[PDB]
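Participant: Residue numbers (the UniProt record's numbering): 15 to 50, 129 to 474.
Positions of the beta carbon are idealized from the N, C-alpha and C atoms, including for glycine.
I'd like to ask some things about the structure below.
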Ligand SMILES: NCCc1c[nH]c2ccc(O)cc12
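Here's what the structure looks like:
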């Protein structure tokens, strides 16, 4: 086809898919590699490398162009996967995590920027960013079972080998299509990152996205270390308790990518934050898994609402009241994502150890509810 416009969507979607496959299949492999706390230190290290790397990639992607960081991300992700598979020492795990963070940052930021650049009209742009961000749910949904069956059936390194084969298969395509053999700088100079961080609307959007993803990032490690404490659940229910969140996030991200602009971006974000707050408030006093599935469904659906309805609004803001570039603003969006992901596990575990887990749920819900009215300012920015 001519320039294969939807193929950019496909490549971004599959890049996020495989990024989350790496981000999730690592969970049961970390304790096995460590034996043959510091178990969560790898996740924090990857997220911190990600955070440090996002602004530099944001400047780089309009310094030289969009396809070069995407190809570099595919190369560094393949290298990270290979090294992770052939990893024994703890420092090997750390360097694999660092390369993983570099790849995730550059791939996500460059893909979002290129997707924003190719598609300008708000309807289709919201649609395609919702479809692409559906990969963020698809990867974590298909991660655990695929990884577990390939790990426990044929070998430990076999899932990584098959994943590397898939990554190479996707790198074979979008190489001639994107033809990144030559550098192509941007038509116009972009706004500096400093002035974007002085813009109240961009800051409000980044903060709301950060708090929304922060809720899930806090819930991810704290829930398994809580059901064993009070309902004394077995290991069979550990994955099932967090399972519905992925389905809810996928459904919300896929459908409100078209429903959001029809209904209203600011109102959708406010409703999503309110639903996050009430659902997280509902989680702790529930006692059985039957009473825990529904609030998890709600929180996943509302996170999908916020993300799918408020990822394209950053591009909308920078297009309406700034220079028409998206690399830096999507870099700060990914900074919000992964600063939440960084201070999620470790800080959440620390505050749960110091103060009761129901108090943690209540305080996160209170913060979400209190910050939710601040999304009203996005109704009509000057
Ligand atoms: N935007 C990602 C937030 C989120 C919602 N549900 C999730 C499940 C797994 C995960 O890694 C992340 C999430």
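Around the Cβ of residue 138, are there at least 16 other Cβ atoms within 10 angstroms (buried) or fewer (exposed)?
Facilitator: As a first step, residue 138 must be located in the chain shown, where it is residue number 46. Label assigned to residue 138: buried.
Participant: Look at the alpha carbon of residue 186 and the alpha carbon of residue 16, and state the distance between them as a whole number of angstroms.
Facilitator: The residue given as residue 186 occupies position 94 in the chain shown. The residue given as residue 16 occupies position 2 in the chain shown. Distance between the alpha carbons of residue 186 and residue 16 is about 42 Å.
Participant: Can you give the beta carbon distance from residue 400 to residue 352, rounded, assuming they're within the 8 Å contact cut?
Facilitator: By 1-based counting over the chain shown, the position of residue 400 is 308. By 1-based counting over the chain shown, the position of residue 352 is 260. Yes, residue 400 and residue 352 are in contact; Cβ-Cβ is about 6 Å, under 8 Å.
Participant: Indicate whether residue 192 and residue 141 have their beta-carbon atoms separated by less than 9 Å.
Facilitator: Stepping through the chain shown from its first residue, residue 192 is reached at position 100. Stepping through the chain shown from its first residue, residue 141 is reached at position 49. Taking 9 Å as the Cβ cut-off, residue 192 and residue 141 qualify as a contacting pair.
Participant: Taking Cβ to Cβ, would you say residue 307 is nearer than 9 Å to residue 368?
Facilitator: Taking the chain shown and counting its residues from 1, one reaches residue 307 at position 215. Taking the chain shown and counting its residues from 1, one reaches residue 368 at position 276. Yes; because the gap between Cβ atoms is below 9 Å, this pair is in contact.
Participant: Would you say residue 194 and residue 168 are within 9 Å of each other, going by their C-beta atoms?
Facilitator: Here the question's residue 194 lines up with position 102 in the chain shown. Here the question's residue 168 lines up with position 76 in the chain shown. Yes; because the gap between Cβ atoms is below 9 Å, this pair is in contact.
Participant: With a threshold of 8 Å (Cβ to nearest heavy atom), would residue 298 be considered close to ligand 1?
Facilitator: If you number the chain shown from 1, residue 298 lands on position 206. No, since every heavy atom of ligand 1 falls outside the 8 Å radius drawn around the Cβ of residue 298.
Participant: Which same chain residues, not among the five before or five after residue 444, have their C-beta less than 7 Å away from its C-beta?
Facilitator: As a working note, residue 444 is residue 352 in the chain shown. Result list for residue 444: 314 and 452, in chain order.
Participant: Any idea what DSSP makes of residue 189, helix, strand or coil?
Facilitator: In the chain shown, counting from the first residue as 1, residue 189 sits at position 97. Three-state DSSP puts residue 189 in a helix.
Participant: Can you round the beta-carbon distance between residue 305 and residue 429 to whole angstroms, since I take them to be within the 8 Å contact cut?
Facilitator: Locating residue 305 in the chain shown gives position 213, counting from the first residue. Locating residue 429 in the chain shown gives position 337, counting from the first residue. At roughly 6 Å, the Cβ-Cβ gap stays under 8 Å, so residue 305 and residue 429 are in contact.
Participant: Relative to the C-alpha of residue 468, which candidate in 292, 385 and 269 has its C-alpha closest?
Facilitator: Here residue 468 is taken as the residue at index 376 of the chain shown, counted from 1. Residue 292 is the option with its Cα nearest to residue 468.
Participant: In the structure shown, what three-state DSSP assignment does residue 120 receive?
Facilitator: Coordinates for residue 120 are absent, as the chain skips straight from 50 to 129.
Participant: In angstroms with no decimal places, state the Cα-to-Cα distance between residue 316 and residue 203.
Facilitator: The residue given as residue 316 occupies position 224 in the chain shown. The residue given as residue 203 occupies position 111 in the chain shown. Answer to the nearest angstrom: the Cα atoms are 33 Å apart.
Participant: Return yes when the Cβ of residue 41 is within less than 9 Å of the Cβ of residue 281, no when it is not.
Facilitator: Stepping through the chain shown from its first residue, residue 281 is reached at position 189. Stepping through the chain shown from its first residue, residue 41 is reached at position 27. Not in contact: residue 281 and residue 41 (Cβ atoms no closer than 9 Å).
Participant: Closer than 8 Å to a non-hydrogen atom of ligand 1 - does that hold for the CB of residue 309?
Facilitator: For the purposes of this step, residue 309 is identified with residue 217 of the chain shown, where counting begins at 1. It does: the Cβ of residue 309 is within 8 Å (strictly closer) of some heavy atom of ligand 1.
Participant: CB residue 357 to CB residue 470, shorter than 9 Å?
Facilitator: As a position in the chain shown, residue 357 is number 265, starting the count at 1. As a position in the chain shown, residue 470 is number 378, starting the count at 1. In contact: residue 357 and residue 470 (Cβ atoms closer than 9 Å).
Participant: Assuming residue 199 contacts residue 47 (C-beta within less than 8 Å), just tell me the rounded distance between them.
Facilitator: The residue given as residue 199 occupies position 107 in the chain shown. The residue given as residue 47 occupies position 33 in the chain shown. Actually they do not touch by this definition, with Cβ atoms about 24 Å apart.
Participant: Let me confirm a value: residue 120 is counted as buried when at least 16 other C-beta atoms fall within 10 Å, else exposed. Which label applies?
Facilitator: Any structural detail on residue 120 is unavailable, because the chain resumes at 129 straight after 50.
Participant: Alpha carbon to alpha carbon, how far is residue 135 from residue 249? Give it in angstroms, no decimals.
Facilitator: Counting from 1 along the chain shown, the entry for residue 249 is found at position 157. Counting from 1 along the chain shown, the entry for residue 135 is found at position 43. Those two C-alpha atoms are separated by around 20 Å.
Participant: Anything with a beta carbon under 6 Å from a heavy atom of ligand 1 counts; list them all in chain order.
Facilitator: This selection yields 228, 232, 305, 308, 337, 338, 341, 392, 395 and 399.
Participant: Unbroken alpha helix (DSSP H) runs of length 4 or more, entirely within the segment 421-456: which are they?
Facilitator: Listed in chain order, they are 437-446.
Participant: With distances taken from CA atoms, which of 269, 34 and 144 is nearest residue 19?
Facilitator: To locate residue 19, count along the chain shown from 1; it is residue 5. For residue 19, the nearest C-alpha among the options comes from 269.
Participant: In chain order, what residues of the same chain lie with their CB nearer than 7 Å to the CB of residue 456, ignoring the 5 residues before and after it?
Facilitator: As a first step, residue 456 is located in the chain shown; it is residue number 364 there, counting from the start. Same-chain partners within the cutoff: 307, 310 and 372.
Participant: Would you decide whether residue 256 is buried or exposed? Buried here means 16 or more other CB atoms lie within 10 Å of its CB.
Facilitator: Reading the chain shown from its first residue, position 164 is the one you call residue 256. With 16 or more other Cβ atoms within 10 Å, it is buried.
Participant: How is residue 146 classed by DSSP in three states: helix, strand or coil?
Facilitator: For this step, residue 146 is matched to residue 54 along the chain shown. Residue 146 falls in the helix class under three-state DSSP.
Participant: Taking all protein chains shown into account, do 16 or more other C-beta atoms lie within 10 angstroms of the C-beta of residue 57, making it buried, or fewer, making it exposed?
Facilitator: Note on the chain: consecutive modelled numbers read 50 then 129, so residue 57 has no coordinates in the structure shown.
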